[PDB]
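S.K.: Got a structure here, written out as structure tokens. Questions coming.
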Amino acid sequence: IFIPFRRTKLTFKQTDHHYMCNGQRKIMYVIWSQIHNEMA
Amino acid sequence: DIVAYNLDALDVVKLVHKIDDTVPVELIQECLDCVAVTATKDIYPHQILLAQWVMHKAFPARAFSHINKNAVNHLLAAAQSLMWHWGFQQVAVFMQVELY
Amino acid sequence: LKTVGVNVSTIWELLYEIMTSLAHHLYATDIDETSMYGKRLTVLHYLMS
Amino acid sequence: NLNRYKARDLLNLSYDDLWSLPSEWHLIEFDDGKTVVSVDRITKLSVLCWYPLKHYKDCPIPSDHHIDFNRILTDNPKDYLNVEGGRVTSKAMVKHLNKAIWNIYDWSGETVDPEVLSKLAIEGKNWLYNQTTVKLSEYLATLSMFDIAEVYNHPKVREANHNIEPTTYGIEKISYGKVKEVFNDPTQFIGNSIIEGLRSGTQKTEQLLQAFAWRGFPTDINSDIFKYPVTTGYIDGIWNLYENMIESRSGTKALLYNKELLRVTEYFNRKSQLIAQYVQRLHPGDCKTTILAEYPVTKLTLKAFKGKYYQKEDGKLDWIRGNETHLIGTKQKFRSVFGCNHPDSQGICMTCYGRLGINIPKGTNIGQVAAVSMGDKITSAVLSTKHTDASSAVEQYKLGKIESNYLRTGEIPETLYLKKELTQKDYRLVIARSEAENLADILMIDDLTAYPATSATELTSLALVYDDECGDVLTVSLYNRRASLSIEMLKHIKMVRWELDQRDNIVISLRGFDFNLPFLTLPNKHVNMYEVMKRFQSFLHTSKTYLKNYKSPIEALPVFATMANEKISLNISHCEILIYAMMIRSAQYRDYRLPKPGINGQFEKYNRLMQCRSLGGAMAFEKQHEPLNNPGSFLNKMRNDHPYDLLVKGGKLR
Amino acid sequence: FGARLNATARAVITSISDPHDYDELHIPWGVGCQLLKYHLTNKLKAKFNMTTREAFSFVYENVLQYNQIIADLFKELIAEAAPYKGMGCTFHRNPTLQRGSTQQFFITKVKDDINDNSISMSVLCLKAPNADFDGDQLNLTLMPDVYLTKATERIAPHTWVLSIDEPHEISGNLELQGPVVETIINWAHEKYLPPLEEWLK
Amino acid sequence: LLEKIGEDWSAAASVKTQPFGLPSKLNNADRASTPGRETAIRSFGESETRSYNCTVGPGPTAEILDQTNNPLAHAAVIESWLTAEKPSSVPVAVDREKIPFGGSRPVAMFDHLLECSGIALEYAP
Amino acid sequence: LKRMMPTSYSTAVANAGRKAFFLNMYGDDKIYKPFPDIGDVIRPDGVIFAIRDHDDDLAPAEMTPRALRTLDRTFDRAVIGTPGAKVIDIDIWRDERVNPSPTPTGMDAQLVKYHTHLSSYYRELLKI
DNA sequence: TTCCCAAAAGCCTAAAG
RNA sequence: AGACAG
Ligand SMILES: [Zn+2]
């Protein structure tokens with residue numbers, strides 16, 4: 001999901017991740033967005 | 001163009017007759033014989049200026065700043081012959097000259 | 001965002017909408033990148049960048 | 001009571017006398033014992049093709065030089081009264097020029113320079129062109145609405161353009177078959193410019209088929225086939241919106257596959273030419289070498305051996321021709337480039353190379369010839385992928401011996417299946433996370449009905465594992481065709497979920513999965529010749545088929561030969577030259593010059609060969625600072641010579 | 001490895017559909033005048049009492065205009081190229097893929113039409129490159145020597161006759177063009193005579 | 001009618017040279033000053049010099065590139081054109097004895113630049 | 001092809017100041033004309049401007065009336081258009097606040113003419 | 001911009017004084 | 001490095 005602002009040109013991406021509920025493994029999407037440009 | 005102007009200025013009889021058809025060939029021969037000795041020394045700005053003035057109907061003036069030394073000497077001989085035939089003998093004397 | 005159909009007033013509201021309502025566009029999107037309807041023909045925002 | 005003429009006497013006639021012959025049926029008598037019944041115009045064309053024979057008055061003219069050589073005069077009139085004559089094509093006239101020049105070559109003791117023969121061939125073609133352009137100023141060809149109507153109004157074409165099931169089988173094998181049968185009939189259309197040109201190769205059949213018959217399944221920018229075909233051809237108007245848009249996308253595909261595929265292909269061609277330019281000299285003669293290469297001749301690769309010497313029985317050398325049925329599928333001892341102990345360091349003999357070396361000009365770089373031939377063929381194939389796209393029959397995916405032990409095919413044109421033997425043990429699928437990024441979406445969607453299976457995953461390798469912990473990895477993708485998990489297994493994964501692994505690979509238990517259901521649905525996508533070119537590049541420069549992995553070039557040539565001949569018809573001599581350019585002698589001792597006789601030596605990668613063979617050849621390739629700043633380049637080691645050396649310096653020989 | 005040759009021209013390839021020679025090229029008036037600048041200067045100086053400056057002035061003045069003198073000079077240059085059809089030269093089509101992309105030709109005549117900025121390469125030598133008359137400009141390098149002409153003789157068109165990928169076959173690049181093949185078809189494959197049985201009877 | 005009508009033909013017997021001797025491109029004022037363009041066409045690229053080096057011996061190709069690169073060789077070619085009774089069919093264009101190989105400007109620049117680094121490419125003995 | 005003749009409009013720009021001066025290519029000995037007038041026709045050899053570098057020491061060589069008319073292809077700067085092409089118009093820009101005028105007296109007739117017309121036009125615009 | 005592919009970094013595992 | 005021509 002690509003959203004432009006006056007300053008930034010942000011992008012919202014997603015990946016998968018695992019977590020245990022009631023002892024059983026479950027998979028959910030984690031939505032991330034790099035915002036600190038110096039991170040790259 | 002510079003190579004062509006070198007090969008052009010290597011001849012004098014044709015250019016002299018292009019300036020003036022009525023020029024004896026004996027003067028041309030004498031000037032060439034004098035070039036055969038004068039080519040050793042250096043060429044000075046007044047000589048080049050006079051040769052550029054006299055010979056522009058057949059040879060471009062600015063080419064004098066690009067052509068080689070032998071071509072300049074032959075053009076000086078042709079200009080001296082033209083001056084000698086015309087009657088300006090004093091200036092003709094100052095064509096093939098050494099500094100001192 | 002109000003024109004599109006989102007009610008953002010603060011960037012945290014935007015993050016909540018993306019995490020809850022706009023996340024539908026991340027895995028199975030009703031609209032498509034291939035189309036060109038519902039798009040603007042902007043001139044000034046790029047000239048006066 | 002036909003007329004009579006003699007081949008040699010008729011050839012000696014002047015052009016004015018030759019064209020001033022009556023319209024007749026005449027018996028042409030050749031220097032052999034066969035006589036040909038022919039009409040005057042075919043005879044005149046035959047003589048204009050025979051033109052190279054004028055300069056050699058002592059070479060007999062066999063009966064097969066004539067264009068209409070099908071008819072032969074015999075005692076029984078049953079064999080020549082009604083026989084179809086040889087079609088006159090540009091290819092046919094070139095073939096007759098070829099026959100004449102090689103008759104000249106073979107009649108002598110092969111002591112004729114082939115350059116002279118090629119000179120005579122172009123001279124004959126030029127005289128033919130001039131005489132045809134001058135004399136045939138009224139026998140022109142004309143096109144208008146009348147010809148298109150004449151082809152269009154044929155009742156069988158009209159039937160072949162109606163009542164058609166919109167499928168690949170029902171269009172591109174039935175209706176196109178009917179239209180081909182109509183066109184190929186030698187009696188239906190006579191005097192029609194379009195079909196007269198079609199019967200002689202002037203027009204390729206594919207365009208006329210797409211015009212008169214239904215246009216078939218255009219392609220999008222990505223090489224996928226639309227489900228719904230085009231009902232209308234080009235003679236009738238494609239007036240709908242869907243069909244116009246999809247053919248427009250075909251045109252867009254043409255533009256892009258031109259531009260960017262040229263961008264990559266020319267770079268690969270440059271690298272191949274740079275590397276092949278090391279193999280320089282082809283010296284005519286024979287090296288009398290005893291080393292032979294045991295090559296397996298197969299059906300597909302037989303045409304690639306068209307010029308090469310090999311040992312027959314009783315130790316005799318014969319060269320493969322275009323037609324050998326007995327040798328098909330058998331191992332023969334060819335005389336290859338490898339194992340040629342020619343004195344030259346970069347030179348090979350004529351016999352070891354092949355018959356093709358005769359066509360090679362005298363002072364030519366043979367490695368460049370091989371590289372240029374490959375570049376032409378691959379560039380043409382990559383650009384004209386659209387030419388082969390006229391048929392919507394997607395290239396089927398083949399299963400290897402290891403893959404067939406786990407996967408089967410049937411009950412569906414595209415999708416694969418799991419064999420019942422996998423029920424014996426609790427097998428388990430392992431896939432990469434890189435190739436499965438949008439998979440978890442199936443968990444969030446509560447109805448996997450409208451969800452496309454192709455967007456979930458794009459697989460190229462699957463590890464089937466069972467507990468002991470053994471199992472095997474299988475390659476499922478065919479170049480551009482990346483296999484995707486079927487809807488049934490997407491539902492199973494949604495029901496069962498998965499788990500990661502230390503190797504960061506998704507692991508799925510296949511226990512409880514309903515078998516005999518679709519598995520690894522294959523996309524309806526054409527294989528790209530661009531991917532095949534990438535495969536060629538990777539070959540030349542869990543088990544893959546890189547060239548360096550092979551021990552000896554003898555067992556390495558057939559793999560490359562088959563791989564190339566799958567899509568480009570490349571001679572075996574060119575493949576041998578390229579592989580021999582790839583070779584290296586004593587790679588341990590850091591010696592990079594070409595091995596002699598050609599087998600005693602390993603293989604090497606492209607970059608090391610380019611940057612460690614000759615610095616002059618390394619300057620024209622990438623990263624000049626790497627060999628400039630290299631200790632080995634300063635060592636006084638024997639090295640090969642490259643033409644750029646003379647260009648690296650100003651021209652000083654020594 | 002090569003950059004920006006001198007004595008080089010580049011022009012749209014429009015050809016001659018006339019009885020000609022395959023090793024025959026027709027450079028036009030402007031290309032002939034500028035490319036053969038010093039040849040024309042030499043001829044003017046040798047024949048007429050003209051200074052080299054006058055020679056350049058005449059040549060440049062008569063590039064966009066026609067005259068009989070410079071045409072005669074072109075004809076005499078091509079004639080004085082004695083053991084050749086004309087002035088040897090190399091002709092390039094880009095991209096250089098095959099042997100036939102670069103081929104030797106011999107200049108035979110500057111065209112008298114000033115409006116023809118065209119280059120009459122032979123019809124036969126068209127298929128060796130991918131040269132079609134759809135508005136493509138090809139390159140032309142004038143060989144300044146007989147030694148270079150003899151060297152280029154190895155790039156002459158007769159070198160690509162024999163196919164480099166077939167043992168005994170002429171390359172498909174020598175096949176006749178469309179119109180000529182169709183003319184030959186319409187001439188030879190016509191029912192202008194009765195069948196053989198009816199012809200005998 | 002279309003554009004690309006011609007009129008862009010660029011025939012040039014001899015092209016003006018940079019101070020570092022090599023033909024250059026034409027600037028606007030100096031490109032609109034000649035009847036028809038006077039550009040030095042790059043008819044010898046990497047692919048063209050490949051084809052020449054392979055079809056013909058590298059000798060003649062190096063000679064052509066030396067005539068183009070070395071200004072003295074080009075001057076000798078023009079002098080041979082002008083100082084011949086037959087400007088066509090000149091026996092030898094550049095007398096290599098008078099003008100030896102190795103004077104081409106790019107190659108001399110490359111060799112000098114390497115020598116400034118302490119290295120020089122030379123033939124194996 | 002006569003029915004299909006494209007019309008081509010082109011612009012030729014020449015600068016002459018202290019660096020160089022216009023030659024005489026459209027006028028006789030009596031009248032000095034550097035470039036064609038409006039509605040005039042370019043020479044059979046399409047040549048305009050032909051400006052020559054200004055050198056005082058070469059005055060009796062490259063400033064004689066014959067030398068001004070004569071064009072040396074080398075050492076001179078001409079702009080070469082299509083011959084026979086009718087001139088549509090001319091735009092003149094002049095820096096009039098240089099006390100020593102670089103152009104010698106005599107070779108500034110058409111220049112001053114067109115500059116005066118353009119100055120009147122722009123002055124009337126400014127007055128409006 | 002994104003895919004190719006080689007070369008250097010870096011890491012666990014293993015052999016000799 | 002963008003467009004155009006092949
Ligand atoms: Zn051998």
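Chains: A, B, ... in order of the structure tokens. Residues: from 1 per chain. Ligands: from 1, in order shown.
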Might you pull out every residue within 12 Å of range 46-48 of chain B, with only C-alpha atoms (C1' of nucleotides) counted and same-chain residues fewer than 6 positions away left off, and present them as JSON, numbers by chain?

M.R.: {"B": [54, 55, 61, 62, 63, 64, 65, 66, 67, 69, 71, 72, 73, 74, 75, 76, 77, 78, 79, 80, 91, 92, 93, 94, 95, 96, 97, 98, 99], "G": [57, 58]}

S.K.: Write a file of the just-selected residues containing N, CA and C atoms, as a PDB file, in the first residue's frame.

M.R.:
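Writing the result to result_13.pdb gives the following:
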ATOM      1  N   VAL B  54      50.661  40.156 -50.190  1.00  0.00           N
ATOM      2  CA  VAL B  54      50.847  40.067 -51.635  1.00  0.00           C
ATOM      3  C   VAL B  54      50.088  38.887 -52.223  1.00  0.00           C
ATOM      4  N   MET B  55      50.077  37.747 -51.535  1.00  0.00           N
ATOM      5  CA  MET B  55      49.499  36.516 -52.073  1.00  0.00           C
ATOM      6  C   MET B  55      48.249  36.164 -51.274  1.00  0.00           C
ATOM      7  N   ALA B  61      45.487  33.796 -46.559  1.00  0.00           N
ATOM      8  CA  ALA B  61      46.446  34.411 -45.647  1.00  0.00           C
ATOM      9  C   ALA B  61      46.603  33.595 -44.368  1.00  0.00           C
ATOM     10  N   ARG B  62      45.484  33.192 -43.759  1.00  0.00           N
ATOM     11  CA  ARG B  62      45.546  32.513 -42.468  1.00  0.00           C
ATOM     12  C   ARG B  62      46.305  31.196 -42.555  1.00  0.00           C
ATOM     13  N   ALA B  63      46.345  30.584 -43.740  1.00  0.00           N
ATOM     14  CA  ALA B  63      47.096  29.346 -43.913  1.00  0.00           C
ATOM     15  C   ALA B  63      48.573  29.523 -43.594  1.00  0.00           C
ATOM     16  N   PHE B  64      49.092  30.752 -43.674  1.00  0.00           N
ATOM     17  CA  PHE B  64      50.481  30.997 -43.308  1.00  0.00           C
ATOM     18  C   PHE B  64      50.765  30.640 -41.856  1.00  0.00           C
ATOM     19  N   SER B  65      49.745  30.632 -41.003  1.00  0.00           N
ATOM     20  CA  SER B  65      49.910  30.263 -39.604  1.00  0.00           C
ATOM     21  C   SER B  65      49.736  28.771 -39.363  1.00  0.00           C
ATOM     22  N   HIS B  66      49.548  27.980 -40.418  1.00  0.00           N
ATOM     23  CA  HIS B  66      49.314  26.551 -40.261  1.00  0.00           C
ATOM     24  C   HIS B  66      50.265  25.727 -41.122  1.00  0.00           C
ATOM     25  N   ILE B  67      50.707  26.291 -42.247  1.00  0.00           N
ATOM     26  CA  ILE B  67      51.561  25.541 -43.162  1.00  0.00           C
ATOM     27  C   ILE B  67      52.963  25.398 -42.581  1.00  0.00           C
ATOM     28  N   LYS B  69      57.298  25.059 -42.714  1.00  0.00           N
ATOM     29  CA  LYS B  69      58.298  26.093 -42.962  1.00  0.00           C
ATOM     30  C   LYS B  69      58.687  26.170 -44.435  1.00  0.00           C
ATOM     31  N   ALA B  71      56.850  25.499 -47.063  1.00  0.00           N
ATOM     32  CA  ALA B  71      55.787  26.192 -47.777  1.00  0.00           C
ATOM     33  C   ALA B  71      55.876  27.697 -47.567  1.00  0.00           C
ATOM     34  N   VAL B  72      56.174  28.124 -46.337  1.00  0.00           N
ATOM     35  CA  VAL B  72      56.317  29.550 -46.061  1.00  0.00           C
ATOM     36  C   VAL B  72      57.482  30.130 -46.852  1.00  0.00           C
ATOM     37  N   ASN B  73      58.594  29.396 -46.934  1.00  0.00           N
ATOM     38  CA  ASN B  73      59.740  29.878 -47.703  1.00  0.00           C
ATOM     39  C   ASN B  73      59.401  30.017 -49.184  1.00  0.00           C
ATOM     40  N   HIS B  74      58.702  29.029 -49.749  1.00  0.00           N
ATOM     41  CA  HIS B  74      58.320  29.123 -51.155  1.00  0.00           C
ATOM     42  C   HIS B  74      57.363  30.287 -51.393  1.00  0.00           C
ATOM     43  N   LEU B  75      56.426  30.508 -50.470  1.00  0.00           N
ATOM     44  CA  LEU B  75      55.519  31.640 -50.611  1.00  0.00           C
ATOM     45  C   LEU B  75      56.253  32.968 -50.477  1.00  0.00           C
ATOM     46  N   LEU B  76      57.272  33.030 -49.617  1.00  0.00           N
ATOM     47  CA  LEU B  76      58.105  34.226 -49.542  1.00  0.00           C
ATOM     48  C   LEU B  76      58.823  34.470 -50.861  1.00  0.00           C
ATOM     49  N   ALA B  77      59.330  33.404 -51.485  1.00  0.00           N
ATOM     50  CA  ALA B  77      59.965  33.551 -52.793  1.00  0.00           C
ATOM     51  C   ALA B  77      58.986  34.088 -53.826  1.00  0.00           C
ATOM     52  N   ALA B  78      57.772  33.538 -53.851  1.00  0.00           N
ATOM     53  CA  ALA B  78      56.772  33.994 -54.811  1.00  0.00           C
ATOM     54  C   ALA B  78      56.395  35.452 -54.572  1.00  0.00           C
ATOM     55  N   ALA B  79      56.211  35.836 -53.306  1.00  0.00           N
ATOM     56  CA  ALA B  79      55.871  37.220 -52.989  1.00  0.00           C
ATOM     57  C   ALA B  79      57.006  38.167 -53.359  1.00  0.00           C
ATOM     58  N   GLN B  80      58.253  37.756 -53.118  1.00  0.00           N
ATOM     59  CA  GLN B  80      59.390  38.579 -53.509  1.00  0.00           C
ATOM     60  C   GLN B  80      59.454  38.749 -55.019  1.00  0.00           C
ATOM     61  N   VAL B  91      60.851  46.781 -50.817  1.00  0.00           N
ATOM     62  CA  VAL B  91      60.157  45.790 -49.999  1.00  0.00           C
ATOM     63  C   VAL B  91      60.516  44.380 -50.445  1.00  0.00           C
ATOM     64  N   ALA B  92      60.719  44.178 -51.749  1.00  0.00           N
ATOM     65  CA  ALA B  92      61.113  42.865 -52.252  1.00  0.00           C
ATOM     66  C   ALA B  92      62.432  42.417 -51.636  1.00  0.00           C
ATOM     67  N   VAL B  93      63.344  43.364 -51.405  1.00  0.00           N
ATOM     68  CA  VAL B  93      64.616  43.049 -50.769  1.00  0.00           C
ATOM     69  C   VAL B  93      64.420  42.502 -49.360  1.00  0.00           C
ATOM     70  N   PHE B  94      63.403  42.974 -48.643  1.00  0.00           N
ATOM     71  CA  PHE B  94      63.157  42.578 -47.263  1.00  0.00           C
ATOM     72  C   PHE B  94      62.326  41.304 -47.137  1.00  0.00           C
ATOM     73  N   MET B  95      62.365  40.415 -48.133  1.00  0.00           N
ATOM     74  CA  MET B  95      61.529  39.219 -48.084  1.00  0.00           C
ATOM     75  C   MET B  95      62.299  38.000 -47.583  1.00  0.00           C
ATOM     76  N   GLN B  96      63.449  37.707 -48.183  1.00  0.00           N
ATOM     77  CA  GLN B  96      64.281  36.566 -47.798  1.00  0.00           C
ATOM     78  C   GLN B  96      65.503  37.123 -47.078  1.00  0.00           C
ATOM     79  N   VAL B  97      65.369  37.315 -45.766  1.00  0.00           N
ATOM     80  CA  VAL B  97      66.343  38.052 -44.975  1.00  0.00           C
ATOM     81  C   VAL B  97      66.595  37.302 -43.671  1.00  0.00           C
ATOM     82  N   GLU B  98      67.781  37.517 -43.099  1.00  0.00           N
ATOM     83  CA  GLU B  98      68.167  36.925 -41.824  1.00  0.00           C
ATOM     84  C   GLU B  98      68.312  38.027 -40.783  1.00  0.00           C
ATOM     85  N   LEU B  99      67.990  37.711 -39.528  1.00  0.00           N
ATOM     86  CA  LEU B  99      68.162  38.675 -38.447  1.00  0.00           C
ATOM     87  C   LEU B  99      69.641  38.813 -38.105  1.00  0.00           C
TER      88      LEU B  99
ATOM     89  N   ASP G  57      46.061  43.416 -38.962  1.00  0.00           N
ATOM     90  CA  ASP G  57      47.280  43.217 -39.737  1.00  0.00           C
ATOM     91  C   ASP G  57      47.010  42.574 -41.091  1.00  0.00           C
ATOM     92  N   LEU G  58      45.916  41.826 -41.223  1.00  0.00           N
ATOM     93  CA  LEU G  58      45.523  41.224 -42.489  1.00  0.00           C
ATOM     94  C   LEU G  58      44.542  42.097 -43.261  1.00  0.00           C
TER      95      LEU G  58
END

S.K.: Using 10 Å as the limit and counting only C-alpha atoms, can you tabulate each residue of chain G that touches chain E, with its shortest atom-to-atom distance in Å and the two atoms involved, as JSON lines?

M.R.:
{"residue": "G:43", "atom": "CA", "partner": "E:61", "partner_atom": "CA", "distance": 9.9}
{"residue": "G:44", "atom": "CA", "partner": "E:65", "partner_atom": "CA", "distance": 6.9}
{"residue": "G:45", "atom": "CA", "partner": "E:61", "partner_atom": "CA", "distance": 5.3}
{"residue": "G:46", "atom": "CA", "partner": "E:64", "partner_atom": "CA", "distance": 7.4}
{"residue": "G:47", "atom": "CA", "partner": "E:61", "partner_atom": "CA", "distance": 8.7}
{"residue": "G:70", "atom": "CA", "partner": "E:57", "partner_atom": "CA", "distance": 8.9}
{"residue": "G:71", "atom": "CA", "partner": "E:57", "partner_atom": "CA", "distance": 7.2}
{"residue": "G:72", "atom": "CA", "partner": "E:57", "partner_atom": "CA", "distance": 6.5}
{"residue": "G:73", "atom": "CA", "partner": "E:57", "partner_atom": "CA", "distance": 6.0}
{"residue": "G:74", "atom": "CA", "partner": "E:56", "partner_atom": "CA", "distance": 8.5}
{"residue": "G:80", "atom": "CA", "partner": "E:64", "partner_atom": "CA", "distance": 9.7}
{"residue": "G:81", "atom": "CA", "partner": "E:64", "partner_atom": "CA", "distance": 9.5}
{"residue": "G:82", "atom": "CA", "partner": "E:64", "partner_atom": "CA", "distance": 7.9}
{"residue": "G:83", "atom": "CA", "partner": "E:64", "partner_atom": "CA", "distance": 7.2}

S.K.: Hey, which residues sit close to ligand 1? Say within 6 Å, counting only C-alpha atoms (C1' of nucleotides) and all ligand atoms, and write them as an MDAnalysis selection string.

M.R.: chainID D and resid 286:287 340:342 348:349 351:352

S.K.: Between CA of residue 124 in chain F and CA of residue 66 in chain F, what is the spacing in Å?

M.R.: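 Computing the Euclidean distance for CA of residue 66 in chain F and CA of residue 124 in chain F yields 22.8 Å.
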
S.K.: Report as a tab-separated table: every residue of range 34-98 of chain E with an atom at most 12 Å from chain I, its closest pair of atoms, and their distance in Å to one decimal, counting only C-alpha atoms (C1' of nucleotides), with rows sorted by chain and ascending residue number.

M.R.:
residue	atom	partner	partner_atom	distance
E:93	CA	I:6	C1'	9.1
E:94	CA	I:6	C1'	8.0
E:95	CA	I:6	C1'	9.3
